[PDB]
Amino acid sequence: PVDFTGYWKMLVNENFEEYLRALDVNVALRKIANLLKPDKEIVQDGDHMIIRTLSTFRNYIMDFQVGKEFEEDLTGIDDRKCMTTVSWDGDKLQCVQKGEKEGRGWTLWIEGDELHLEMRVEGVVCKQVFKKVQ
């Protein structure tokens, strides 16, 4: 597949508020959150990946093996736990987060020199796009 490794700076963040509200994030935390511009710092070696979502407020760190279900601790976001699997779908990464909220997960892929992220929960869609600083 491809190598997602890089420091990717946020360019686009669409519908983040609705996504966070669907996760029952409280108004105060939602308020500070949509002023953040979280970046993605990714390091990958084959199926082993660390995805760090970095913001000035709080970070969220994912560390996993593609194909292997793990207990995902979403402290800092909605403080839930999911039974999560990230899978290859050709050159895209497809993540299913099993738990309280239905249809929760995301897709990550590269189009040209842009990193694209679609986050989903309960039919709510948030679009994020990032680029490395050339």
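The first residue of the shown sequence is 1; numbering continues from there.
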| Of 116-124 and 5-13, the one with larger mean CA B-factor | 116-124
| query | Which is higher in the entry, the mean Cα B factor of 97-105 or that of 22-30? | reply | 22-30
| task | By the entry's C-alpha temperature factors, tell me which of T84, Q65, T53, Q44 sits highest. | result | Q65
| said: Splitting the chain's C-alpha B-factors into thirds, which one does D79 fall into? | reply: middle
| request: Using the B-factor values recorded in the entry, state whether the Cα atom of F57 falls in the lowest, middle or highest third among the modelled residues of its chain. | output: middle
| remark: Here the Cα B-factor of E71, set against its chain, lands in the third termed highest
